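# Secondary and tertiary structure notes
Spelled out from the first residue to the last, the chains are:
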Amino acid sequence: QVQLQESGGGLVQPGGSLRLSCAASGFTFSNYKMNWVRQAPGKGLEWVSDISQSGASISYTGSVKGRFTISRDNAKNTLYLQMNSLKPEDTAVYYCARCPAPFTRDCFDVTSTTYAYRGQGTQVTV
Amino acid sequence: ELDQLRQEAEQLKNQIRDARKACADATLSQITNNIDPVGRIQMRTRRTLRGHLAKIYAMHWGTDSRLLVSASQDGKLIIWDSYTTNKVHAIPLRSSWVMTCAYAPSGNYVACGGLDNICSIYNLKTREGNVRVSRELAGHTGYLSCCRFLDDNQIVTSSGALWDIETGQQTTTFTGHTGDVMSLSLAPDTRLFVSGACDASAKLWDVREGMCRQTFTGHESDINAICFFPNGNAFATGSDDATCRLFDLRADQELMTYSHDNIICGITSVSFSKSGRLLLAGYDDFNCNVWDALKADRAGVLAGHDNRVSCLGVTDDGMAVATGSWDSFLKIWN
Amino acid sequence: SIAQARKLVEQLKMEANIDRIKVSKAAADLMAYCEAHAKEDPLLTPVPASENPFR
Amino acid sequence: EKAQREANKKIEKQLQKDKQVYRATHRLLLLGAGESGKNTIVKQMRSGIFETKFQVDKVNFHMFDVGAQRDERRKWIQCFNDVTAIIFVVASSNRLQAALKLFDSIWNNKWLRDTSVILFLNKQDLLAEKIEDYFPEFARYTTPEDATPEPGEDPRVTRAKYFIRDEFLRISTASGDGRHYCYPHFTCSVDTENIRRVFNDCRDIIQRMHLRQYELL
Amino acid sequence: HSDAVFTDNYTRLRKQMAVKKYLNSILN
Amino acid sequence: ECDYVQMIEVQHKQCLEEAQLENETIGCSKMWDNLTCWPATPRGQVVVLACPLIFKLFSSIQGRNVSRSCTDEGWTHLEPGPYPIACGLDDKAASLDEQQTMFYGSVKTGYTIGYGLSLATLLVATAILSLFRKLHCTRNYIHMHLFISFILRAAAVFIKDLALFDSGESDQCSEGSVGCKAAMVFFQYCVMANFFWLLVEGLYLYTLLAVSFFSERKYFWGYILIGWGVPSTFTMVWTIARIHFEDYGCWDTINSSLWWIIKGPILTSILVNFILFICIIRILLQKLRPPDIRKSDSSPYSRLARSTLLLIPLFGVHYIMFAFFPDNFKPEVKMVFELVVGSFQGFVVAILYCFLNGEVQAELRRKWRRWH
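Residues numbered from 1 in each chain as written, not as in the entry; some residues may be left out. Chains lettered and ligands numbered in written order. Heavy atoms only, no water. Residues with missing side-chain atoms left out of burial classes, pairs and counts.

Its PDB header attributes the entry to cryo-EM and lists the resolution as 2.7 Å.

The cut-off we apply is this: UniProt positions are given in the numbering used here, feature names are shortened, and annotations may be inferred rather than shown by experiment.
In the nomenclature of the PDB entry, chain D corresponds to Guanine nucleotide-binding protein G(s) subunit alpha isoforms short from the organism Homo sapiens. What UniProt records for chain D under Catalytic activity is the sentence "GTP + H2O = GDP + phosphate + H(+)". As stated in UniProt under Sequence similarities, the record for chain D gives "Belongs to the G-alpha family. G(s) subfamily."

By the naming in the PDB entry, chain B goes by Guanine nucleotide-binding protein G(I)/G(S)/G(T) subunit beta-1 and is assigned to Homo sapiens. Here is the UniProt Function (literature references left out) comment for chain B, exactly as written: "Guanine nucleotide-binding proteins (G proteins) are involved as a modulator or transducer in various transmembrane signaling systems. The beta and gamma chains are required for the GTPase activity, for replacement of GDP by GTP, and for G protein-effector interaction." Taken directly from UniProt, the Sequence similarities text for chain B runs: "Belongs to the WD repeat G protein beta family."

What follows is the structure in structure tokens.
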């Protein structure tokens, strides 16, 4: 079945750097656009970044523009997210999400609650 | 707390996967390799129904395999006579966003439902001769996607539940799905039914006790269509990942995957034939594919339709196969 | 989500106790069912026009 | 057989007379990011689907609301591919990023690539807030010469509102390719020009469709 | 239209040719 | 100009009687020679009188007079002019007539072959638009009605050519049959019907563009009426006017005021169309240019020009170019330009709106795949 596992995170000092990994199982990595979404404590889900199937189209939200970067590797079926110059505002639980439909250059309900194609997510605090 | 809940849940999933792997040594394709191929099948458009105004979502074949029901976005539920291509009935609908329709086995009642979250039951035959509203079930919170009649007083509905016609109350709720349930099928013995949601899991529910007996995984996208095998010990699912899958209740695992490289479109309608040898999947490339259930080979292509195919149905006696699409046409194939 | 997790664990435990027969037996059963009703399927074997409603 | 034919012809004439009015009604899909002032707009113009009927210049318009539906909008949105337009409301006053992502999803849908989108910037509260940290590109943004700000408006408010408009248009014009168009507007909840704006946008959409029918566009 | 004026001009030309040929035929 | 040959035999019969007086020196009285007759001649003197009016046509000299006598050997002087007993000026510009008839034959062949090609294309185009059920729509109904109008116009052209010029010119001059009048009436009806359907095509797109919220189904009958009955009414009015007043054989002459009954509406059916066309162009312009903000929309006026070029044959506005000309360059310009463009207009419209149409081609390729 489809499953997403997030690894990494933890407690780091503000302004540091940390790398998060997302492992996918049950489907082809290259056929879906992938997303990172954070949820702050006491707040709803907030979209962070998106990466296309081949990685040509990569975009980030304006809150963390110029600080966080995303990349994907289809051969290892894994996605990497590097965070540099951390901020206290970025204390949240992070979720690696898969777009519901393959071979579609868009996808809906990425930040929707009770999303089926979403991983467990890891808490990141500074 | 929640962490060890998740840990033993993962352990249970691993145990289920190991049990499924142990019970599987050879696939159905390996066994059916030595049987004769079905061959190339030619189907011709025997009748065309053009009375509809907008895109058509669902249809249901009749018990006598002559009368049918069709639902389109114009808000008209049309009862058709498939033999002489003459319209039998046209019932206006309160909500034009109808997504599903069902035909009673006795032929006296017809169900409709959609985004209004309300299922309307109409009496086809009455003393005064005009179809009226007989029941209005408004207990659901999500949009209705499929409905099937168990009998004249028992109905099963799919929303993203079991209802009694006489009292109009939700006597049984089938919970456990995470996504929106899109398709529902009824077993020949009217004792079990499979429901596919907006996820890889399709759940089998017993009609009486109302709990989920089995859960089947394997799909890679949202499940849109489901249909029981004529035998009743198996079923087929069509999802958005451009693949069709066959599962069985006794073994509780996947049989084979029907897919092609040239196909990148999801499946919206599946319906087995009388013998179960043909799967008759409906795709988004404006055409349907006839899939051999035992050899995973495309028997034929039904490219008569001009828009996306939404519903496909097979007669009870397996005489003709009807197909409705996003164009206001219903086409009958042999 | 403690209650939901408990419900999921209970559902998985219930699904663990079901008895599954071998895949080969079920495959043979479906093959025999398909071959027994092959002559009763007009789609598999074309029906003669004499008794065919749709022409 | 004849007993069936009189019923068939009666149903046929009923369907013809209903089609005579079905094509005269325009269907619109109303969408918003929750509490983005859409309900105020509905109250100004006047359980699963809430429908509103209003006649403008002897032309009927039938608008559909989201209603009591779950947040999972991937599936049922496909039911609104044949509507005349999708009126999408954005709270312009990070909900803005969520609205932008939703607009991107709606614009690029395979089934919704043939329907036009009427973009409304309902929350014109930029004057109260006088934003820069949320969008780093806004710091170096310059007001385009195409802007036509009304007299009596602060230049910073105009710069911010056209920055949001261009942020929406860059997604809108990324893959429009001419089959569908977007019509952004700087409207307000209490503004009475929403009906006229929708009327003009629908007229423009139908004229463009007619031009495409004759291959003139 | 152009068709009518062309037809009128051509029929006048044909009549003129016929008259001139009739007069020239009888030289006497 | 066949109304002069009758007096030749009239005078032949009038003076066919034997001479009543033979008391002259030569005895000449009351016989008819090739041109004129003399009742009685005084041999003492000879008079000079005007020549017969038959040669007044194609004559640059007015009031010419010749000397005529009675003598059988010579009616006039030995060498009065080119021909002895005729007017002073008889024949001129021999090669001009030959070059004119050659040019007329060439242009006749040209527009006939153009009309034939247009008809051949229009039959198959109409068959494609009518047989296929998918293409059935109001625009395609106006498109197929305009094709039928062009087909009828070409058929009437061919029938008129067969019944007017293919027949013997002497036979037509001697008498005009009822079939000639019927063919001319059908020709005028078809030409006016074709012109009125180019206007309807322009009016339909105009109504579609300016009035988006317009119900075409309940106004289709009005379009059919204005496209068919009005040309029929005008044709019947012209026919009854010709029958009542100035029949004069075959109704090919247009020098009478009744020709305006056909000329009047047709010009109008052009002018309004042109105006509508202009408005339609403006309707496109605001949409063709960048609607909201400035983009890299290179060459929008080029797109407007190509749209205008492809819309020229559907509207037939080119007729307004040389329609207003009363007599300016009529033979070498208005007729040549308007017959060639009129003959090829049907073919161009058929190949532009049926063969090159995206929807029609997309349906035709899938139909070809279905059949093979």
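### Topic: the overall build of chain D
To be explicit about the condition: Helix numbering and strand numbering both begin at the N terminus, where a helix is a DSSP run of H or I of at least 4 residues and a strand a DSSP run of E of at least 2. Exposure is judged per residue with a 1.4 Å probe applied to protein chains only, and the accessible area is read against the type maximum: over 50% gives exposed, under 20% gives buried, and values in between give partly exposed. Here the accessible surface of atoms and residues is derived via Shrake-Rupley with a 1.4 Å probe, and residues count as covered only by protein chains that are part of the display.
Helix and strand counts for chain D come out as six helices and five strands. Considered along the principal axes of its C-alpha atoms, chain D spans approximately 75 × 40 × 35 Å. Across the 217 residues that make up chain D, the buried fraction comes to 53%. Surface exposure of chain D reaches about 10300 Å², of which carbon and sulfur atoms provide 51%.

### Observations concerning the interface of chain C and chain B
Spelled out, the test is: Residue contacts are defined here by distance: any two heavy atoms, one from each residue, within 4.5 Å place the two residues in contact. Accessible-area loss on putting two parts together, using a 1.4 Å probe and summing over both, is the definition of buried area adopted here. What makes a salt bridge here is a side-chain nitrogen of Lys or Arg within 4 Å of a carboxyl oxygen of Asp or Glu, nothing more. Any pair of nitrogen or oxygen atoms within 3.5 Å is treated as a polar contact; in protein, a donor-acceptor pairing is required on top of that, and neighbouring residues in sequence qualify only through side-chain atoms on both sides.
Each partner contributes residues to the interface: chain C has 37 residues there, and chain B has 52 residues. Taking both partners together, chain C and chain B bury about 4100 Å²; carbon and sulfur atoms supply 70% of that area. The largest contributions to the chain C side of the interface with chain B come from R20, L43 and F54 of chain C, which together make up 20% of the buried area. At the boundary of chain C with chain B, the tally comes to three salt bridges. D29 of chain C is paired through a salt bridge with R250 of chain B; the nearest N and O atoms lie 2.5 Å apart. Taken together, the connections running from chain C to chain B amount to 12 residue pairs in polar contact.

### Describing a positive patch on the surface
Going by this rule: Each patch groups residues whose relative accessible area exceeds 30% and which form no salt bridge, using 9 Å between like charges and 5 Å between nonpolar side chains of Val, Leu, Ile, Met, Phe, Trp and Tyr. Note on charges: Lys and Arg go in the positive column, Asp and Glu in the negative column, and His and the chain ends are not counted at all. Here the site of a charge means NZ on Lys, CZ on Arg, CG on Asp, or CD on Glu.
A grouping of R40 and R44 of chain B together with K367 and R370 of chain F is seen on the molecular surface, where their side chains present a positively charged patch. By relative accessible area, which is 46% here, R44 of chain B ends up partly exposed.

### Quick word on the state of the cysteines
Where two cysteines share a covalent bond between their sulfur atoms, that bond is called a disulfide. As a reminder, the rule being used: When the sulfur atoms of two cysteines come within 2.5 Å, that pair is taken as a disulfide.
For the structure on display, the rule yields seven disulfides over all chains. The side chain of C99 of chain A participates in a disulfide bridge whose partner is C107 of chain A; the two sulfur atoms lie 2.0 Å from each other. Its relative accessible area of 0% is what places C99 of chain A among the buried residues. What pairs with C28 of chain F in a disulfide is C70 of chain F, and their sulfur atoms sit 2.0 Å apart. Taking the torsion about the S-S bond as the criterion, the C28 of chain F to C70 of chain F disulfide, at about -80 degrees, is left-handed. Remark: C70 of chain F occurs in the loop between β2 (65-67) and α2 (94-131) and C28 of chain F occurs in the loop between α1 (6-14) and β1 (48-50); sequence separation between them is 42 residues. Among the residues examined, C28 of chain F registers a relative accessible area of 21% and is labelled partly exposed. Note on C70 of chain F: relative accessible area 11%, which makes it buried. The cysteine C265 of chain B is free of any disulfide, with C244 of chain B supplying the nearest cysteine sulfur at 9.4 Å. For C265 of chain B, a relative accessible area of 5% puts it in the buried group.

### Let's talk about the interface of chain B and chain A
To be explicit about the condition: Three classes are used: nonpolar for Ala, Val, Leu, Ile, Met, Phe, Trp, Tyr, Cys and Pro, charged for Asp, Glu, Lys and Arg, and polar for all others, with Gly counted as polar.
Counting residues at the interface gives 12 residues for chain B, matched by 14 residues for chain A. For the pair chain B and chain A, the summed buried area comes to about 990 Å², and 46% of that belongs to carbon and sulfur atoms. For the pair chain B and chain A, the number of links is zero salt bridges. Residues belonging to the side of chain B that touches chain A are distributed by class as follows: two nonpolar, three polar and seven charged.

### Observations regarding the pairing of strand β9 (residues 92-98) of chain A
Residue and element names in this part refer to chain A. The cut-off we apply is this: For two strands to be treated as a pair, DSSP must find no fewer than two bridges joining them.
Burial of β9 is extensive: seven of the seven residues sit out of reach of the surface. In terms of strand pairing, strand β4 (residues 34-39) meets β9 through six bridges, oriented antiparallel. Across the sheet, residue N35 finds its bridge partner in β9, namely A97. Sheet topology note: the β9/strand β10 (residues 122-125) ladder contains three bridges and is antiparallel. Counted as the bridge partner of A92 is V124 from β10.

### Details of the sheet that holds strand β10 (residues 144-149) of chain B
Residue and element names in this part refer to chain B. Applied cut-off: Fitting a line to C-alpha atoms yields each axis, with helices limited to the stretch in contact; the angle taken between N-to-C directions then spans 0 to 180 degrees.
Spatial strand order, β10-β11-β12-β13: four strands in an open sheet with antiparallel pairing. With partners counted over all chains shown, the strands left at the sheet margins are β10 and β13 (169-172), one partner each. This sheet shows a mean twist of 35 degrees between the axes of neighbouring strands, independent of strand direction. In this structure, strand β11 (residues 154-159) lies alongside strand β12 (residues 162-164), joined through three bridges in antiparallel fashion. Bridging from a neighbouring strand, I155 pairs with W163 of β12.

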